[PDB]
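Trainee: fold the following, please.
(chains A and B, ligands or ions: 2)
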Amino acid sequence: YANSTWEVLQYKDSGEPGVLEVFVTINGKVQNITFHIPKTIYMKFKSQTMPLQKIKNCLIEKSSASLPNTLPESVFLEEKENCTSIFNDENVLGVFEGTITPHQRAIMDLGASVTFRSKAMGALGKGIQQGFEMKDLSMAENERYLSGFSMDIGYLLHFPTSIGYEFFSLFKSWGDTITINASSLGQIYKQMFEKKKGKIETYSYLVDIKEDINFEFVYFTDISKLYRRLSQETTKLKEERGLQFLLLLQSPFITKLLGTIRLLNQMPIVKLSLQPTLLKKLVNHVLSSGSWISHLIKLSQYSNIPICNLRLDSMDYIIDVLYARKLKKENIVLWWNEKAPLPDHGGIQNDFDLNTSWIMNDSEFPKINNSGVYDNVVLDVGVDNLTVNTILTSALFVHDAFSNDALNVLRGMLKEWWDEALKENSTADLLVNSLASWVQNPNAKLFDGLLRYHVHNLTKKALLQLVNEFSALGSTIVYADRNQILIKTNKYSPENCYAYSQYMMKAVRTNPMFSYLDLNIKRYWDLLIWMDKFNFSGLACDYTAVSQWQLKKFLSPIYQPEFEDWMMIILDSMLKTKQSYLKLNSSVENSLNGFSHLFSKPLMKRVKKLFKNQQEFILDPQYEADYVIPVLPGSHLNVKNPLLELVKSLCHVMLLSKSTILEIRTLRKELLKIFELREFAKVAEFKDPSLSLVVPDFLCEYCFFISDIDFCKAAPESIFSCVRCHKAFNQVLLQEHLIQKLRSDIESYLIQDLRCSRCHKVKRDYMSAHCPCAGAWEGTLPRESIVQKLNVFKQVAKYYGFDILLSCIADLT
Amino acid sequence: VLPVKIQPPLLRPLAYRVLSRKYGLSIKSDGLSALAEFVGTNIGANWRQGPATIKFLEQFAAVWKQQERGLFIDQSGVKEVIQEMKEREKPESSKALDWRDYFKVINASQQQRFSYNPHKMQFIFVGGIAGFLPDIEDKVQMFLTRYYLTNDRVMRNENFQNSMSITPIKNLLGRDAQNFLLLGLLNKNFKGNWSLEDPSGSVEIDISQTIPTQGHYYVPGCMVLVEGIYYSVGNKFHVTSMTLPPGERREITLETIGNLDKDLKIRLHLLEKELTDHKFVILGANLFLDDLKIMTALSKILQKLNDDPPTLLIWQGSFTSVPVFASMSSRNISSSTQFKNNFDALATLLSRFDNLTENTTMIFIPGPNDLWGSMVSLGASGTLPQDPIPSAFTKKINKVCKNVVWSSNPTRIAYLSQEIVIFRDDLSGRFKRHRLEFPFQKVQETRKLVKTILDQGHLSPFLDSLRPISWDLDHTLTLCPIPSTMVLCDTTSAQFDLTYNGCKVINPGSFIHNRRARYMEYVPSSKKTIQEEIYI
Ligand SMILES: [Zn+2]
Ligand SMILES: [Zn+2]
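Mentor: Numbering: from 1, shown residues only, chains lettered A, B, ... in the order given. Ligands and ions are numbered 1, 2, ... in the order given. Please find the structure below.
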């Protein structure tokens, strides 16, 4: 226990609040030790001195600041009484505002993982019998080398599946008895496992694997071999290396452990928590198990945490522990709330609050989108590290705002990790990315709705400032969505682009607010026809061309190729006109002024021919397979003349350009004369055929990419997988987030505020027939909007086959 | 009893002769065919069916009261009613009356819309995917209806007991120093000072030097009966004594509503005595299935109940330890599917007992940490009329049993002529937190809670900014009839069983208090309750 870190702090409560296992790595070998921890509560005596003094003295006012919405009351067994000293006499248990942090948590938060019993041999022996109370023992110590050198492992990976193959596999450092034609593939992976182990034997330097890997093909038919055989094998291994092995456990569900295996392996345990083709997975996992051991050693060396930290987004837990430590160094009460996602704001967090509810269910990110044709060179600038840079540069009465001191603590900690990662620091960068992703994680042990809302507003305002900075530099904005920004550089010549772009990036980096904001230009557009993110086309770098038009999906299958071909024709005509204008020379009026004249007559003749063909074949069968309107999740328009829809889409994408409005309106009038439709007829007006359904701030669990997934507009390949990476997304996660948004919409409709329909003054009273200005009350969220949203959800569920979402929709009615 | 098939043409003369001439009932062709089928099946040669037709028409005129008897629903209903009256007299049936036909559970989404016409009337009001969305006028009138109900209660009790009148707040303007008795909704103005809201207006109140009735919880949103002197110098109402409205006995409300027929009342009264040995078991609150200790304790409890299964086994809310929400993770965390796994595990520990789960209705009540309600509230007290647990998570549980009901949080039971209301909510914590202080033990607090709830006449007498309520589904929370038995489930209040104003209020409390899996037993016939603590 002398300068020894506990490997696992497993909750050996035994009904005692403070008794728990401590497997401190003593100089000789790890030994089981028991501790004792009082349950500190941060109930500050706010304007009331209570001399009750039940068991432990209570500090007055705690000399700390609470949470707007060094151990007072250091009891030891709250079980003594749940009612405790409820008085409600000016903040004496009137509001809890304390800490729910159980054992195994306050130890890590306060005491360092490495600790030394600062007592003599007699006191040590006295504490052996009962335990080492942290009140008089276990001072925090330096962690220069927290981990060990050579630790035995008990690798027991297990990957069950419902297909019928059992993976109850066990591994030993020296036994090498992997018990589950696998030898050939095992050697095949060994062929580069020599190099893998050489990397392990030059970077890990912890364990080695025997070269005689024998595979035992045993079928675990029933529980007798599924569980009982595994238990007998693990107890044989336990009696083999007595409390001298670290269990490398991998299991999708931990109930197998807690059944009997967990207490069969009370020794240091780690929860990794991660047919012929599936065989290779086992050999890959067993032969890569020697790689992340060094990573875990590094993580425990940097972060003052034991080896008991779970690997499921371990960065979240590391951030929670470090933030708790930095908040405990300051005199700020914690909001841990380990049991529930909501913050530990005493008891006021369990009841509904309008402001808190609004800040929780509000994540819609404003988008600046300008639609048109941009003959100038526009850069596909992709921002990154916005949240991190935002919290770092945020330094440069309000009940809705987060605590400024806690935000300053977060800023200082992020600055530290940042500078570390800047110099060589592996864990530092891992943690910066992880913090960017956790802030919005309810599963975090310090998650706060106010903090997430504050970060969201700071990011919004930082993006707005970035847009203003780019505008001042002399480039208009056509898109900005917190992940990418598109700027319209005034340099007409595509050759004169690199120097201007580099100057722009350097000028942006000069500003202190965006110093940590890293920007990289992804694509150069010589020409661009921009309608939305999912409806755009143009020339990309000046030689590649892309045609991503989601409008095409809403046309009859016969006319989809026609639209696709005419888009290329229009783009080529625009390019030719721009080239002619540039040659002649070398918005009110740009290079494009007669691009319609190139294809106006062929388009009119083609439309006449298509109209005659339709009139011939619209009613005759065997052609209805072509004149059919596709059904898509965003479909909300009834189409009577699919050719009219095609010409409407073409005329709209041509009308996107501001300079050539008149010459395209004339063309549209001539086209509509074919259908005998008036130019300004309601049916001839173009309405977007697709609705929108965005799941804001969806998080990719692998690359930590925060994007707004749109289901009614994006292609199917662009919603089930990430953007920057290409890993797939869980169907259950998508359905869960869709249901969460549906319930948020329902709740926001139910908790909306009424307002007068004439003077728009918000309703303040509870019983009132109408506004005093003789105006009927009306809601800020009309019922029809929610009905449309529900119809969109039903359409998305029926199309994509979302079973749980359909169950939700049915359960509504 | 001889079966025979008789065609409608030959029965038509006599049929009309009685149905139309004697009483004035029009018989359609399909209804005539159905009546011919019935007569042929339950009598042969179709000669002595005159009394049968007379009984049919007299029951139809006594209950249904319309024309066109041949609707396949009126005829079937009257035939069935004839069947039960013959059964209680002890043909088509001569068996004993079954309570299943008189036992039903009413969800919050299937009650009768009862809006009170402000002068004197309790009217009845009774369409697509978004057919459940309340209208704006529902939100407008949500508090007006509650005020009208409380005002009727006061106009029936206070004046006949105490005889100051109730002056609407709009009548206080010109009066300078007179004394008034106001019934208003206590709330906080946007300016930050307490006030009373009335359909006629609102007035700020000076709460200093007020003597309140100590036997009540006073919270914003509860309707109070203040008394004081109005002052026009600053437009304030200097309250002197403020108290909650007096409650009413249930029987008093029944004659005002006038809702029962005589035969149904007689049958219900008869089965009340006949069905003496029926036991209702109310389990504890916070059945955290995720916890292994609670899972083991539930096994012992279910084993004990298996020896003598009760009539109803009511399961309380918050079936999982942690609130369910959209979780971003690649593991089996999957807060949706983990709920499914927990219910599947419950199915394993519940299908093992063949004697149980049979002839036992199993009603489940959701809590603060259940699916479809914890998605947005994250385990807080969100929308009150909670929808039942989604059927997508109850495949194995419903497959194992044969009579399982998934009902709303403020559900209603119609076991007999008495009504039983189950409500899972931490009322004590909110009441203590939001009780306002006057500048001027445990059993006493429980009595205060029960008195406040019953005197208010509302399940949650709280503002819309503290407990959001579906605007149309507000009658499901109003205690207008004051049901005889109420399961006021709670987790922050000590277990108790109290009676007040003819209403029995029982709170099973938390499932695990210190080390025991407490649960409650209710006997409707004797109106007696008993707790059954079982050690872990
Ligand atoms: Zn990704
Ligand atoms: Zn108005």
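Trainee: make it CA atoms for all contacts and neighbour counts henceforth
Mentor: Fine.
Trainee: which stretches in the stretch 51-200 of chain B count as helices?
Mentor: With DSSP state H, counting those that start in this stretch as the criterion, the stretch 51-200 of chain B has helices at B:74-89, B:136-161.
Trainee: what does chain B give?
Mentor: Taking DSSP state H, the helices of chain B run over residues B:8-16, B:29-42, B:50-59, B:74-89, B:136-161, B:250-257, B:262-274, B:292-307, B:335-351, B:374-377, B:395-400, B:427-434, B:442-456.
Trainee: who are the packing partners of the shortest one?
Mentor: Using 3 or more CA pairs under 8 Å, 6 or more residues apart in numbering or on different chains; DSSP states H and E as the contact test, the elements touching helix B:374-377 are helix A:731-750.
Trainee: quick one: buried residues of stretch A:744-753?
Mentor: The neighbour-count check on stretch A:744-753 (16 or more other CA atoms under 10 Å in any protein chain shown) flags A:744-751, A:753 as buried.
Trainee: and that stretch, C-alpha only, in PDB?
Mentor: Taking C-alpha atoms only, stretch A:744-753 is exported to PDB below (Å, rounded to 0.1, in the frame of the first residue of the first chain):
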ATOM      1  CA  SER A 744     -39.900  16.500 -28.100                       C
ATOM      2  CA  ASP A 745     -42.200  17.900 -30.800                       C
ATOM      3  CA  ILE A 746     -45.300  16.600 -28.900                       C
ATOM      4  CA  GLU A 747     -44.100  18.100 -25.600                       C
ATOM      5  CA  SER A 748     -43.200  21.400 -27.200                       C
ATOM      6  CA  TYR A 749     -46.700  21.500 -28.700                       C
ATOM      7  CA  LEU A 750     -48.200  20.800 -25.300                       C
ATOM      8  CA  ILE A 751     -46.100  23.200 -23.300                       C
ATOM      9  CA  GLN A 752     -46.300  26.100 -25.900                       C
ATOM     10  CA  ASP A 753     -47.300  29.600 -24.800                       C
END
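Trainee: residues in contact with it: which ones?
Mentor: Contacts to stretch A:744-753, defined as CA atoms under 8 Å, 6 or more residues apart in numbering or on different chains, come from residues A:354, A:361, A:762-763, A:779-781, A:783, A:786, B:376, B:383, B:464-465, B:468-471.
Trainee: if we use 6 Å, what do you get?
Mentor: Stretch A:744-753 is touched from outside by residue B:376, with contacts defined as CA atoms under 6 Å, 6 or more residues apart in numbering or on different chains.
Trainee: one more: stretch A:347-362?
Mentor: When contacts are defined by CA under 6 Å, 6+ apart, stretch A:347-362 is touched by residues A:449, B:380-382, B:465-466.
Trainee: just give me the closest of those to residue B:111.
Mentor: Nearest to residue B:111 among the contacts of stretch A:347-362, counting by CA to CA, is residue B:382 at 21.4 Å.
Trainee: can you give me the neighbour number for the nearest residue to the closest one once chain neighbours are set aside?
Mentor: Residue nearest to residue B:382 in three dimensions, not counting chain neighbours: residue A:352, with 5.9 Å by CA to CA, 6 or more residues apart in numbering or on different chains. For residue A:352, the count of nearby residues is 19 (other CA atoms under 10 Å in any protein chain shown).
Trainee: just residue A:428 next, same as before
Mentor: For residue A:428, the count of nearby residues is 22 (other CA under 10 Å).
Trainee: which one of the residues in chain A is closest to chain B?
Mentor: residue A:350 (4.5 Å; CA to the nearest CA).
Trainee: got the contact list for residue A:96?
Mentor: residue A:346.
Trainee: mind checking which of the helices of the stretch 51-200 of chain B is nearest ligand 2?
Mentor: helix B:136-161 (14.7 Å; CA to the ion).
Trainee: from the contact counts, what lies against that closest one?
Mentor: Packing partners of helix B:136-161 (3 or more CA pairs under 6 Å, 6 or more residues apart in numbering or on different chains; DSSP states H and E): none among the helices and strands.
Trainee: hang on, the earlier thing: quick one: which of the helices of chain B is nearest residue A:34?
Mentor: The closest of the helices of chain B to residue A:34 is helix B:292-307. By CA to CA, the value is 23.2 Å.
Trainee: nearest the geometric middle of the chain, what residue?
Mentor: Picked chain A for this. For chain A, the residue sitting closest to the mean C-alpha position, by CA atoms, centre = their mean, is residue A:699 at 2.5 Å.
Trainee: correction: the question concerned chain B.
Mentor: Nearest to the mean C-alpha position of chain B, counting by CA atoms, centre = their mean, stands residue B:412 at 3.0 Å.
Trainee: and that residue, how far from ligand 2?
Mentor: According to CA to the ion, to the nearest Å, residue B:412 and ligand 2 sit 40 Å apart.
Trainee: quick check: that residue touching residue B:106?
Mentor: Yes. Using CA atoms under 6 Å, residue B:412 is in contact with residue B:106, at 5.1 Å.
Trainee: can you report how many residues lie near residue B:24?
Mentor: Residues near residue B:24, counting by other CA under 10 Å: 16.
Trainee: next one: it from residue B:59, what distance?
Mentor: Residue B:24 is 14 Å from residue B:59, where distance means CA to CA, to the nearest Å.
Trainee: let me see the backbone angles for the closest residue to residue A:787 other than its chain neighbours.
Mentor: The shortest distance from residue A:787 to any non-neighbouring residue, by CA to CA, 6+ apart, is to residue B:130 (5.7 Å). Backbone torsions for residue B:130, taken as degrees, to the nearest 10, come to phi -100, psi 60.
Trainee: tell me how many other residues crowd residue B:130.
Mentor: 18.
Trainee: can you tell me how far it sits from residue A:736?
Mentor: Taken as CA to CA, the span from residue B:130 to residue A:736 is 20 Å.
Trainee: nearest residue to residue B:2 other than its sequence neighbours?
Mentor: residue B:44 (5.3 Å).
Trainee: ugh, wrong one, residue A:170
Mentor: Take residue A:170 and drop its neighbours on the chain: the residue closest to it by CA to CA, 6+ apart is residue A:156, 4.3 Å away.
Trainee: repeat that for residue A:257.
Mentor: Nearest residue to residue A:257, sequence neighbours excluded (CA to CA, 6+ apart): residue A:263, at 7.9 Å.
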